[PDB]
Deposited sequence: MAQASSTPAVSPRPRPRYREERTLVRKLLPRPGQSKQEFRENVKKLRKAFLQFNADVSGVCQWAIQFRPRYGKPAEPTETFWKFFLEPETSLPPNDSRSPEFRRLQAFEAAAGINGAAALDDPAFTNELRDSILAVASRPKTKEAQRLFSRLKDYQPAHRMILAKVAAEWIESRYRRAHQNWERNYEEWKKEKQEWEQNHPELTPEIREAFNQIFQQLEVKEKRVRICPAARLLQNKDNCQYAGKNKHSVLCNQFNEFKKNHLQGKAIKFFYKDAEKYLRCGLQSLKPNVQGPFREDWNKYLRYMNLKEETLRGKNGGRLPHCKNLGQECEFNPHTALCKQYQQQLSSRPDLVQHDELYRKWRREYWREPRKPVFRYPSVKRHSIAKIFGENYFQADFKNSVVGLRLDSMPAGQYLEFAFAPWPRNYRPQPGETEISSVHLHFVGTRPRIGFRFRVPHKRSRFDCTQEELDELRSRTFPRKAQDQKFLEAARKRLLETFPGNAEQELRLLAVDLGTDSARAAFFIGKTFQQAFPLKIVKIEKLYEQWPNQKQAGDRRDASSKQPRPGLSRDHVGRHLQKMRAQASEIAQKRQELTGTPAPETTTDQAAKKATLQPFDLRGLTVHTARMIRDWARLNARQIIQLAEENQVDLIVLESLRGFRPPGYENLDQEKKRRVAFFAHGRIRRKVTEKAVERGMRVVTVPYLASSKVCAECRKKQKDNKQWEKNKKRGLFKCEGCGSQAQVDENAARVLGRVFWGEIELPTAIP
């Protein structure tokens, strides 16, 4: 499909004042960078704002601007492979011609199709909203170098925030349509039309689901429970009766459609972009760490010279090995961390497919939760048919568990489990493999130690803010405490990621089988609820999946993240699926367990390692216990 996994691997080094310029002139130079970072993050946010009205509406006939929308985001598909200048330069010309920032009208190039050339004329012949009129008036004075990097980020912003999140939703909606029907005929008990009637009943009392389930599955006894714990919802049930035979089934109908991807513009507050300085717009010295960042208005080769953190000696891509293509300036808090964009190539894997193909299967081809079993069959079959030799005897495979106490990675080659030797994922003065009152390091109790301070310190902010203008926590409320937790929580995902990758480089593994856990929460997580800010201290098991998959493709490997099973209540020798939920929990505390009748006496990590490798093959099937 698309080449999502790029071979860039950008390294970010924080900025310092030069060793002998000043401590105050550095503030007056970063302010010159923040002012230019404010404009770039706002120019991008305006270009993506003007062009978004040309998007397909998913249910309307193809507008003439649709075939230009697909070229703005992905110019590579709509250009010949022998493009003269760049796939990023034709994107600018189409965006230039769509606006009034080019009076030359040089769009008539052989590489531009007539379907596209005649479509931009249908885009320029459109009234602007009096903000794009001044926007492209500002962008008209910009040099072509700025506009090239300006349309690129804006196009890559919608393509990454809306288009991929929307394309993953259309198929999620098309399969929801089939799933909706396949639920109606298969469950025709008391919802031929009553489900619509229940929607009207739910409309009169805006509830917009544990409480709803209790109200629906109630025989007038739940009224006492509702009073103890709601009161308004009881009226709807009484009105419906004037009931329980269809209430328990109408709730599972999920009348609400899957939510559309809410588009957000690049925000300087919470989630921003990084400003790119293209070719001839920066100078980097790596012997002595100084960076020549150049602003937009600098005439002929003057640069603001800063100092950055020294390039690590243990860093694997050395600056002399690969050339730096661009510098990505972003502002975390107030300190301007810049990032270096270089080219580090990938290695050919032992597969004729790509990781992006595996992305396509789960994201859009098999998006639904009940459609997970078919995803594994297609994902497994795709890898085997693209495998050069017999994949049933020489497909090296790893399956990690990624726990907090410990994690073990089983080694599979031909469905024959070799050895689940563990991972040393704990961060103390030395890399241990297990935890020897709060545990010092990357333990759950240490992360929650900031949260209890974060909760205590947030009780003095709302109290003081109430006396100022009133008489919960903004993105800036805990600028230093939260970012440190961010650099700490993601580091636990960075350590786990490389430990997997370093483990997968010792033995020539071709496939990593991760699970689909959401993550683990520190002890101080269930008390700071109702706040988006608490999301920073969530261990984010998906973040490890982010980094493991990104690195595995770099080293020439594929990652398959199976849907979340129990994976630890599943035995490894037999398919028992222990449902005790008490002996397993008690045994998991001490790190071991035992199968009820199978007799396997492995640990929770090795068994999880063995199961996940077995789940990839046809030996173990998913629970699928919805009915």
item	value
Stretches of the record's deposited sequence for which the structure holds no C-alpha atoms	1-13, 222-228, 250-334, 348-354, 549-562, 598-611
